[PDB]
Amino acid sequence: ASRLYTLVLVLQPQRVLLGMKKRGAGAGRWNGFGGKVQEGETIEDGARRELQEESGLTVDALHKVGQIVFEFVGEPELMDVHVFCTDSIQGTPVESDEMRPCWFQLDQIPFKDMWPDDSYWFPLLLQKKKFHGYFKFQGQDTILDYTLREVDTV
């Protein structure tokens, strides 16, 4: 019993774009851009749509980088997050009522103000590795258990 989500990292040679979410799940943290996949929509089309809705940016080709399943204790549905990256975007990042994008130099990624799982898999993304992960959370701050492995095929 899992629900499909996407997550997109705009990762350029010296910087990455993150968004500070203003409300709802993950508010107050920097993260990639993403959300629920819709009926009749491919996962990649959903990732492209969410990048535009949340950041104002248009992406063409998205590259599969990982899959992470999240379990939140006490919540029945698992979150099956399909992670993508791109280095080629059009438009400039847009701040909205929901999201404040900002570019970060790679040595200044704000891990203390990101979801805690990012500290594990973001370094793989930065070295162009692909991965499958599973994180069991208690609330939004505590990783009870996890697994993470690099893969050749996402």
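Just count from 1 along the sequence shown to find any residue number.
Novice: Out of 113 to 121 and 52 to 60, which stretch has the higher average CA B-factor listed in the record?
Specialist: Between 52 to 60 and 113 to 121, it is 52 to 60 that shows the higher mean C-alpha B-factor.
Novice: Would 130 to 138 or 15 to 23 have the larger average of its C-alpha temperature factors, as given in the entry?
Specialist: Higher of the two, by average CA B-factor, is 15 to 23.
Novice: Whose C-alpha has the highest temperature factor in the PDB entry: 46, 32, 66, 28?
Specialist: Across 46, 32, 66, 28, the entry lists the biggest C-alpha B-factor for 28.
Novice: Taking the values exactly as deposited, rank residue 151 by C-alpha B-factor within its chain and report the matching third: lowest, middle or highest.
Specialist: Middle third - that is where residue 151 ends up once the chain's C-alpha B-factors are sorted.
Novice: Give the position of residue 85 by CA B-factor within its chain, expressed as the lowest, middle or highest third.
Specialist: Answer is lowest: the recorded C-alpha B-factor places it there.
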